[PDB]
Each structure stands twice: as structure tokens, then as C-alpha cells.
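As a basis for the values below, the full set of heavy atoms in this structure was taken, side chains included, without hydrogen atoms, waters or symmetry mates. Convention: sequence-line order gives letters A, B, ...; per-chain numbering from 1.
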Amino acid sequence: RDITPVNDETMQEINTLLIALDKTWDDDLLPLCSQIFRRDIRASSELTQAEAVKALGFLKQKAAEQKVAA
Amino acid sequence: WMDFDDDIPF
């Protein structure tokens with residue numbers, strides 16, 4: 001596997017969507033990534049680019065599916 | 001394995 005770390009452009013896209021979804025790395029996405037990728041991920045910067053692209057796909061699905069309830 | 005292709009709540 002390519003272990004190239006996540007780049008800043010992909011990170012910014014992820015962050016934009018987390019903010020839009022009212023979700024966070026600490027509460028929501030890092031726990032989920034840790035479960036999905038079956039490794040201890042403690043900071044956003046520790047994702048690989050390949051992992052981040054999967055997470056970004058998932059967040060686009062969430063943001064496109066439905067409105068974020070108040 | 002649950003993965004990001006799956007329909008997980010978030």
C-alpha cells in the first residue's frame with residue numbers, strides 16, 4: 001500500500017465537509033477511521049492519502065444525501 | 001468489515 005500521508009488539499013476538503021455536517025475529527029471521524037482502518041489514529045494528519053480519499057468519499061455521500069437538521 | 005463504501009450512520 002501507498003503510505004503517502006494525506007495532503008493539505010484533501011485535508012481542507014474533509015474539514016469543509018465536517019464543518020458543513022456539524023461533525024468533528026475528535027468526536028466522529030477519527031473514531032470511525034480507527035474502526036474502519038483497524039488502527040489507532042489519533043490525529044487527522046496521521047491518515048494516509050489513500051485512507052483520506054475514502055473518508056472524503058464517505059463525507060460527500062453524507063453531505064449530498066440530505067439536509068443537516070437543526 | 002464495515003468500510004467507507006458501506007451505508008454507515010455518521
Side-chain angles (χ1 to χ4, degrees), chain A residues 2-66 68-70, chain B:
Chain A
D2 188 341
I3 56 172
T4 297
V6 57
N7 56 50
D8 290 336
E9 313 95 84
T10 303
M11 181 59 53
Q12 186 153 344
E13 285 190 69
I14 289 172
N15 286 341
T16 300
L17 289 173
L18 284 174
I19 295 162
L21 292 167
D22 192 23
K23 304 276 166 183
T24 67
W25 286 108
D26 283 348
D27 303 300
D28 302 292
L29 189 52
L30 285 176
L32 187 57
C33 287
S34 290
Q35 287 173 303
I36 294 182
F37 303 128
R38 301 180 293 279
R39 83 198 182 66
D40 200 343
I41 309 165
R42 290 179 177 105
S44 62
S45 52
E46 297 174 17
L47 286 186
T48 76
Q49 180 62 15
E51 288 171 335
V53 160
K54 292 166 184 163
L56 175 59
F58 172 79
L59 294 171
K60 288 181 161 177
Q61 178 67 45
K62 293 307 171 197
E65 268 171 355
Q66 64 182 287
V68 176
Chain B
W1 311 103
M2 204 184 6
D3 71 12
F4 273 123
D5 280 344
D6 296 313
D7 186 12
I8 310 164
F10 185 55

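- In this structure, the separation between CZ on A/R39 and OG1 on A/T48 is 6.5 Å, given to the nearest 0.5 Å.
- Among residues two or more places apart in sequence or in another chain, the ring-ring contact (aromatic ring centres under 6.0 Å, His included) test is passed with B/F4 by A/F37, A/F58.
- Of the N and O atoms on the side chains of A/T24 and A/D26, not one donor lies less than 3.5 Å from an acceptor on the other residue.
- For A/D27, the salt bridge (charged side-chain N to carboxylate O under 4.0 Å, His left out) test picks out no residue, with sequence neighbours left out.
- Rounding to the nearest 0.5 angstrom, the gap separating the CH2 atom in A/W25 from the CE atom in A/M11 is 4.5 Å.
- With sequence neighbours left out, A/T10 forms a side chain to side chain contact (heavy atoms under 4.5 Å, CB included) with A/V6, A/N7, A/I14, A/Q49, A/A52, A/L56.
- Screening residues 1-10 of chain B for salt bridge (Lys or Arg N to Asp or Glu O under 4.0 Å), with sequence neighbours left out, gives A/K62-B/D7.
- Follow the hydrophobic side-chain contacts under 4.5 Å out from A/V53 and you never reach B/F10; the two are in separate clusters.
- The hydrophobic cluster containing A/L30 does not contain B/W1, counting ILVMFWY residues as joined when their side-chain heavy atoms lie under 4.5 angstrom apart, directly or transitively.
- Within the model, atoms CD1 of B/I8 and CE of B/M2 stand 6.0 Å from one another, a figure rounded to the nearest 0.5 Å.
- Taking CD1 of A/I41 as the reference point, atom CD of A/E51 lies at 5.0 Å (rounded to 0.5 Å).
- Cluster annotation: A/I19 is not connected to A/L29 through the hydrophobic network of ILVMFWY side chains, with a link wherever side-chain heavy atoms come within less than 4.5 Å.
- With sequence neighbours left out, A/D40 forms a salt bridge (charged side-chain N to carboxylate O under 4.0 Å, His left out) with A/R42.
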